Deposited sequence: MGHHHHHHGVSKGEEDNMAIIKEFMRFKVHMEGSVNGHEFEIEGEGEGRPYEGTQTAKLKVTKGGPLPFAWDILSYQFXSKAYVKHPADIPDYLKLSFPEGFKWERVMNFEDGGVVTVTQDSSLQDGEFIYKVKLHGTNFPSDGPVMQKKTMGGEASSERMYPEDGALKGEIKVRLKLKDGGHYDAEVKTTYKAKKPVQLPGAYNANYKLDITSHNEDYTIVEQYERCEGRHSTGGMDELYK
């Protein structure tokens, strides 16, 4: 029950399964919501070491930290303290599919994120199950208002270890819990890096920069 400060922390809990392998991850993050920068330290609390690529999870660990020009209303910052929810489908090039449902709220002056993820139909020999990805390229999410919510579309490209890319079409709906001002169409430009990780990815740190701009 508060405003969005120049510096904000968040806690995240994720529960999910990928190709039937169940896991849980808890994390803590911090950043500067108006500067569009944030970092997070994630720990696998159940089902470690993960038998699949960390890169499919990385995108699921924070839209309140997007730098917006003053002529683009900040729909998702304005949803607080109640918060917002988002649901996403990631359609990978080799048939694999990830869906994500997320709830974002503010408690004791910190954001709380609860994430549920399902991953299925990934080929056993593919880059996800064989841990052959090496991070993601910078990308631009096309943001647009639709049916009283905000939608986003991203063509995500995961770097392949032996050179090349492995892609996914990403579609997400973001909706405030209570109606607040929706913006017009714009682009959210992202850069996300895995800053560090232990050998088996049970401890991982990420950084993301995101800035909204007109096309």
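(request) Extract from the deposited sequence all ranges with no corresponding C-alpha coordinates, numbering residues from 1. (result) Missing CA coords at 1-17, 79, 234-242.
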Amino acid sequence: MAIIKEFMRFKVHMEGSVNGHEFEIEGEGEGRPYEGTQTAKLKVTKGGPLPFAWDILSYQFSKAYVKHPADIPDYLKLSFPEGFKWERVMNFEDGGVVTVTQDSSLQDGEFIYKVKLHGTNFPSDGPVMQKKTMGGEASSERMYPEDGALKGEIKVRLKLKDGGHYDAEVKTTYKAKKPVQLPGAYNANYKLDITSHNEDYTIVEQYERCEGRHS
From here on, numbers count along this sequence of modelled residues.
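(request) Pick between 197-205 and 16-24: the one whose mean CA B-factor in the entry is higher. (result) According to the PDB entry, the answer is 197-205.
(message) Mean Cα B factor from the PDB record: higher for 43-51, or higher for 152-160?
(response) If you average the C-alpha B-factors of 43-51 and of 152-160, the larger mean comes out for 152-160.
(message) Among the choices 181, 173, 189, 38, identify the one whose CA B-factor in the record is greatest.
(response) Comparing C-alpha B-factors across 181, 173, 189, 38, the top value belongs to 181.
(message) Looking at the C-alpha B-factor values in the deposited entry, which of 87, 71, 93, 141 comes out highest?
(response) When the deposited C-alpha B-factors of 87, 71, 93, 141 are compared, 71 is largest.
(request) Relative to the other modelled residues of the same chain, rank the CA B-factor of residue 83 and answer lowest, middle or highest third. (result) Middle third - that is where residue 83 ends up once the chain's C-alpha B-factors are sorted.
(request) Just say lowest, middle or highest third for the CA B-factor of residue 169 relative to the other modelled residues in its chain. (result) According to the entry, residue 169 has a C-alpha B-factor in the chain's middle third.
(request) Would you mind checking where the Cα B-factor of residue 64 ranks among the modelled residues of its chain, as the lowest, middle or highest third? (result) Answer is middle: the recorded C-alpha B-factor places it there.
(message) Which third, lowest, middle or highest, does the C-alpha temperature factor of residue 100 belong to within its own chain?
(response) Ranked within chain, residue 100 CA B lands in the lowest tercile.
(message) Per the entry's values, where does residue 185 land by CA temperature factor relative to the rest of its chain, in the lowest, middle or highest third?
(response) Highest third.
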